[PDB]
2 protein chains.
Amino acid sequence: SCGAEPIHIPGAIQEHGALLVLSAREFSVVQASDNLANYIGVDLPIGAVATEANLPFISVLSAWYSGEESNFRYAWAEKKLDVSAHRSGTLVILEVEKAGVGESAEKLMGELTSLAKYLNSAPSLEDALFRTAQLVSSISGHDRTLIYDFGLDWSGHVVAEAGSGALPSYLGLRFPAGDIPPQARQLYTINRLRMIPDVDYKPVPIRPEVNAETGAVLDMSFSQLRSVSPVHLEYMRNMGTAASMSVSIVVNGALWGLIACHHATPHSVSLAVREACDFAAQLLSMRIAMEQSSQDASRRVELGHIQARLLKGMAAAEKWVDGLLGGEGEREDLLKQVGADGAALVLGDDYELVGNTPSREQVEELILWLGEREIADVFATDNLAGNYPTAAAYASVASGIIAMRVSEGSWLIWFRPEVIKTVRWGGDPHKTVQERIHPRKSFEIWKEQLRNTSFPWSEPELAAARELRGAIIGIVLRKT
Amino acid sequence: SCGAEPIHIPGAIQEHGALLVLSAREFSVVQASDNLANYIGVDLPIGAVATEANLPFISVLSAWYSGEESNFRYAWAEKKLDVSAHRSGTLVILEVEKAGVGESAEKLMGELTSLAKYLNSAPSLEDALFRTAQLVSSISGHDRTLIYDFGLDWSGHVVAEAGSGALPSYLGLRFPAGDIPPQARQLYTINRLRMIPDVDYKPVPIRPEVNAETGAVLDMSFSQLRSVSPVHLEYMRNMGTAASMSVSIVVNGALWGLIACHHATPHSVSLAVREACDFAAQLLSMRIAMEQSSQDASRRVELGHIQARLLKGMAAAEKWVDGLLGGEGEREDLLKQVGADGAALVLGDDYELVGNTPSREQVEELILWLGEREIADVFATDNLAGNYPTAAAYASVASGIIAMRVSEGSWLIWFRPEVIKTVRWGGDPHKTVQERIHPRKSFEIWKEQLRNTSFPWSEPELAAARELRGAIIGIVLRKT
Ligand SMILES: */C=C/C1=C(C)C(=O)N/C1=C\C1=NC(=C\c2[nH]c(/C=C3\NC(=O)C(C=C)=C3C)c(C)c2CCC(=O)O)/C(CCC(=O)O)=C1C
Ligand SMILES: */C=C/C1=C(C)C(=O)N/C1=C\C1=NC(=C\c2[nH]c(/C=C3\NC(=O)C(C=C)=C3C)c(C)c2CCC(=O)O)/C(CCC(=O)O)=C1C
Ligand SMILES: [Ca+2]
Ligand SMILES: [Ca+2]
């Protein structure tokens, strides 16, 4: 039920601006928000063509519409409004918000450069995330700005925070995946910005609900004024945030994380400042992606050093196994190939244990257990006792493993020990008030000792595992 | 209820191919269709990395993935399969279908050119639509190929047909809008091709239903194997079509119409031929768009001739009204300005009727009726008796009108007479079996005399109306 609410078609906006939908062919009015007259100062009925008398920007909007610039922005000094628009099929969606008076563009510009200089010097990611949080905190004026990093399961945890003391500190807390369900996360991957200036706004309808040009209700995916999900607003109330504002951090086409801003009372942010925060997220995205590519490449080539050095040792060795484990350096490398603390090479009934392993009998019983599983190439887990409760007995030495079959009945398995982590959750991760699934009322810190879990296997490490398997597969077939 | 079924996320495919979803980072298997083993000849469990041993194309797919070509196609001669793929966020969606043996590429090429030569010579649209239907009929082998033109209300009517006698002829029939509801039409605007080789296929699931990479169910919007809506399949059964295939005709970013193919028994079409039919639709789209731009421009400049000639006549005239109506030629032009058969100029209580109008009293009572309506610029209708039953009394002379206010209490109204059209519908347009809305069982021709309706006003004509209003607005303000 959770991810099925279509958040992109509510047929309504928030109060802090108004909305006009017009037909590209002729710029005739097709839909409007009920509050449009309160901003524009002219009705514009359905069917009405836009003219320079009522929309002074109409001349530049036509120009914008033919061009390539995906969005339109225009300062309407007359009415102190910021106007913006975008294309949606054959429609232009105009949004009008009150202009943010008393803000400086040199302020933004100067502040943005202080981050861009910082970000381009190759600094530690932690400090990049903090000062990015702290600029958005500076220029936005919220009570809390934080940076929320998604994990592989789409739970996320707070990795940076700036604030004014007025709201709680969530630095280092994990939050469960359902807090930002999948349709929200997909929307946020393509529309990278959102603002909710007042949690208790009364939704302002868009009439007619069905657009007469398309036959459908309006796709509000790129509407910055879109009315948000009712259930999320209970989340905000439950949290005690009267205003929020968030910006997607998109790295390599994927939603990496969020800059999340919250205020204790209501709060608004100008179109300009919101455009500035998107800029900040964009720079940080570039930092993150390069930090990843460089850490990966340097790890891949470091594993390459080890890989070939074992590859030549096995080839040059008489019995071959002695390339993997002939003396100090070969064993050392076998464990460093995949960043392991021990390993078991099993050639039928000949067991060889290197480094810190479980017992010969424990490994026997693991292999039997593995044999029943259907594994294509390699089996990796950071939590062996999840799928094999039995292995809770040797969690200190083999919480995580990579296992590689070799014959039909040999095996090569690496071991990683338990790392004890205390994870702090923003409220109980499992709790939801069932009825429609409603949000939990408490975000008090909820502790959880994490047991039987190793450091996770990096993708270079699994790649080296699969690589090393091939060389071994090709030698036992050759030897026989 | 009708347009809310999310047709793009059924978690299942049709039987005529299989599907594999893999993760772009590593090409690891994330989802598969239950029939994948029946096509690939290797299981590939969830977590399995793709290698050259099981997917020979993996080398070229990696190459494709980095590049700009939005789709991937590859001939897998070994297994007689056509493989294709596309990008979906951070995922590659591979689809495998049996290759169409016994077809010629020179056949397609030669046939496609015979349309392209035809289409580039500026022929009448009717003949372009027919021979486009007839090529798709030729190369696809269905029992009926037709071209379906959407109207402004998203009902559509058949404007070309080629066939083998084995199915009914629908040439000239209208079909109601709900036959292709809005979410289907929006999907077809971006995914321009679809094939349903057998109406009674048993859906083949995609497991796991929730993708572990994204956290969401698979967005199958660009999946050529996607399982179609159950309700549409009742439509096909009700119609007596065992196979179908359709191609969007997209002009200026909008769904203009469909090439719709249907077979009496099951039928399939190769990836190549389907790519060929999309090509044909693409050429025809270009024809249509140029036919429109040229008919419009030539009509706009023809209305310009009249516009300025009246504009100079009004300026040069002493009482001004005599520019609109001083002698033969001025009246002639007043009616030709907007392609009308009569008009009423009303300056307070001074009524002037030109050409074929309703009675002075009828026009009085229309103006009073108009005054109560809230009109920004001009009011146009092709069906005056719809909103003003009273006007059914003078439908022969004023079924359609454009009315333009001028003072506060003058008016300029044009009139168009009733055109009697017998419209043929493919079954009763209003009928749907309520329960979930199910499709009607009869597509027998359903006749409807269309009364009280004029030839519709073209957008150049309304533009000239609004234009002529401005000149008149600016003169009565000047005269006073
Ligand atoms: C299944 C319904 C939902 C439950 C239960 C739930 O807890 N959230 C549910 C739905 C939605 N959440 C949406 C937006 C959203 N959620 C968050 C979450 C956080 N805010 C925080 O401060 C923290 C922790 C630091 C988290 C994890 C955010 C940031 C957002 C985005 C909006 C914002 O900036 O506040 C959401 C979508 C709303 C919409 O866009 O309409 C839904 C449906
Ligand atoms: C509200 C549910 C629907 C009713 C009622 C209904 O009549 N159709 C309903 C839904 C869908 N129709 C879908 C596809 C579709 N419909 C047509 C219609 C025609 N086929 C014809 O031969 C003619 C007339 C000449 C018409 C008007 C077409 C062409 C299609 C496209 C598929 C095809 O090529 O047959 C549809 C979508 C199915 C999907 O893509 O999953 C729905 C949901
Ligand atoms: Ca992460
Ligand atoms: Ca049309």
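- Regarding how it was determined, this PDB entry cites X-ray crystallography in its header, along with a resolution of 2.70 Å.

## Overview of the sheet that holds strand 15 (residues 350–355) of chain B
All names here are of chain B.
- Strands sit in the order 15-14-18-17-16 across an open sheet of five strands; the sheet is antiparallel. Strand pairing shows two members of the sheet lacking a second neighbour, strand 15 and strand 16 (378–381), which therefore form its edges. Each neighbouring strand pair of the sheet contributes to a mean axis angle of 10°, computed without reference to strand direction.
- Sheet contacts for helix 9 (residues 328–336): strand 14 (342–347), strand 15 and strand 18 (411–416); angle to strand 15, the most-contacted strand, approximately 80°.
- Strands strand 16, strand 17 (400–405) and strand 18 of the sheet are contacted by helix 13 (residues 459–479), whose axis makes an angle of about 25° with strand 17.

## Focus: the side chain of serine 285 of chain A
- With respect to the helices and strands, the residue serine 285 of chain A is situated in helix 7 (residues 271–316).
- Using a relative accessible area of 4% as the deciding quantity, one classes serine 285 of chain A as buried.

## A short note on the site of ligand 1
All names here are of chain A.
- Neighbouring residues of ligand 1: 22 residues in total, closest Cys2, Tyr188, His232, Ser246 and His262.
- Contact between ligand 1 and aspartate 179: a nitrogen atom at 2.9 Å from a main-chain N or O atom of the residue.
- Between ligand 1 and the protein, one listed contact pairs an oxygen atom with a side-chain N or O atom of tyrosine 188 at 2.5 Å.
- Elements represented by at least two residues in the shell around ligand 1 include exactly strand 7 (144–150), helix 5 (182–190), helix 6 (230–239), strand 12 (243–251) and strand 13 (254–263).
- Counting residues per element, the shell around ligand 1 draws most heavily on helix 6, which supplies four residues.
- Both domain 1 (1–5 + 104–198 + 230–297 + 420–452) and domain 2 (6–103 + 199–229) contribute no fewer than three residues apiece to the shell around ligand 1.

## What about the coordination of the calcium ion (ligand 4)?
- Only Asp149 of chain B (OD) and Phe150 of chain B (O) from the protein coordinate the calcium ion (ligand 4), and they sit 2.3 to 2.4 Å from it.
- Since its relative accessible area comes to 9%, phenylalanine 150 of chain B is described here as buried.

## Regarding the domain arrangement of chain A
- By the assigned domains, chain A splits into domain 1 (1–5 + 104–198 + 230–297 + 420–452), domain 2 (6–103 + 199–229) and domain 3 (298–419 + 453–480).
- Summarising the inter-unit geometry, the C-alpha centres of domain 2 of chain A and domain 3 of chain A are found 60 Å apart.

## As for the UniProt feature "binding site: Mg(2+)" (unreviewed entry) in chain A
Residues and elements named next belong to chain A.
- If you check UniProt for "binding site: Mg(2+)" (unreviewed entry), the listed places come out as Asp149 and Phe150 in our numbering.
- Here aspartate 149 lies in strand 7.
- With near-sequence residues (within four places) excluded, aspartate 149 lies in contact with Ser155, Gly156, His157, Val159, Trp256 and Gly257.
- Not counting chain neighbours up to four residues away, the residues in contact with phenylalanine 150 comprise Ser155, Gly156, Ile180, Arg185, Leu255, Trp256, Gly257 and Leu258.

## Re the relation of the copies chain B and chain A
- The operation relating chain B to chain A is a screw motion whose rotation component is 180°, with 0.0 Å of axial translation and a residual RMSD of 0.0 Å. Put plainly, the chains are arranged around a two-fold axis. Residue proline 6 of chain B of chain B places its C-alpha closer to the rotation axis than any other residue of that unit, at 5.0 Å.
- Take the interface residues of chain B: 100% of them recur as interface residues in chain A, which is what a same-surface contact looks like.

## Structural notes on the UniProt feature "binding site: Ca(2+)" (unreviewed entry) in chain A
- Listed under "binding site: Ca(2+)" (unreviewed entry) in the UniProt record, and renumbered for this structure, are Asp149 and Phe150 of chain A.
- Residue placement: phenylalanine 150 of chain A occurs in strand 7.

## Details of the packing of helix 7 of chain A against helix 13 (residues 459–479) of chain A
Residue and element names in this part refer to chain A.
- Interaxial distance between helix 7 and helix 13 falls to 10 Å at its minimum, and their mutual angle equals 20°. Relative to helix 13, the element helix 7 is oriented roughly parallel. Considering only the axes of helix 7 and helix 13, their crossing is right-handed. Here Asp296, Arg299, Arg300, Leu303, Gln307 and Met314 of helix 7 come into contact with helix 13, specifically with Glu459, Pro460, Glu461, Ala463, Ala464, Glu467, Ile472 and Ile475.
- Tallied by class, the residues present in the contact of helix 7 with helix 13 amount to seven nonpolar, one polar and six charged.

## Focus on the pairing of strand 6 (residues 91–98) of chain A
Residue and element names in this part refer to chain A.
- Pairing between strand 2 (residues 17–23) and strand 6: seven bridges, direction antiparallel. Its bridge partner lying in strand 6, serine 23 is registered against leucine 91.
- In terms of strand pairing, strand 5 (residues 81–88) meets strand 6 through eight bridges, oriented antiparallel. Each bridged residue has a counterpart across the sheet, and for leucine 81 the counterpart in strand 6 is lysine 98.
- Hairpin remark: strand 5 followed by strand 6, antiparallel, with two residues in the connecting loop; positive phi at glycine 89, about 60°.

## Some points on the site of ligand 2
All names here are of chain B.
- Near ligand 2 there are 22 residues, and of these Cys2, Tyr188, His232, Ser246 and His262 occur at the shortest range.
- In the model, a nitrogen atom of ligand 2 is placed 3.5 Å from a nitrogen or oxygen of the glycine 178 main chain.
- When residues in the shell around ligand 2 are grouped by element, the largest group, four residues, is from helix 6 (residues 230–239).
- Of the residues that constitute the shell around ligand 2, the class distribution is 14 nonpolar, six polar and two charged.
- Per-domain counts for the shell around ligand 2 show at least three residues from each of domain 1 (1–5 + 104–198 + 230–297 + 420–452) and domain 2 (6–103 + 199–229).

Rules used throughout
Residues numbered from 1 in each chain as written, not as in the entry; some residues may be left out. Chains lettered and ligands numbered in written order. Heavy atoms only, no water. Residues with missing side-chain atoms left out of burial classes, pairs and counts. Pairing = 2+ DSSP bridges. Helix = DSSP H or I, 4+ residues; strand = E, 2+ residues; numbered from the N terminus. Axes fitted to C-alpha atoms, helices over the stretch in contact; angles between N-to-C directions. Contact = heavy atoms within 4.5 Å. Buried < 20%, exposed > 50% of the residue type's maximum accessible area, 1.4 Å probe, protein only. Near = heavy atom within 4 Å. Polar contact = N/O pair within 3.5 Å; in protein donor to acceptor, adjacent residues only side chain to side chain. Domains from an automatic or database assignment. Donors = N, O, S within 2.8 Å, 3.2 Å for Na, K, Ca; no water. UniProt positions renumbered as here; feature names shortened; annotations may be inferred. Least-squares fit on C-alpha atoms. Parallel < 35°, antiparallel > 145°, perpendicular 65-115°, else oblique. Left-handed = near helix turned anticlockwise from the far one by under 90°. Nonpolar A, V, L, I, M, F, W, Y, C, P; charged D, E, K, R; others polar.

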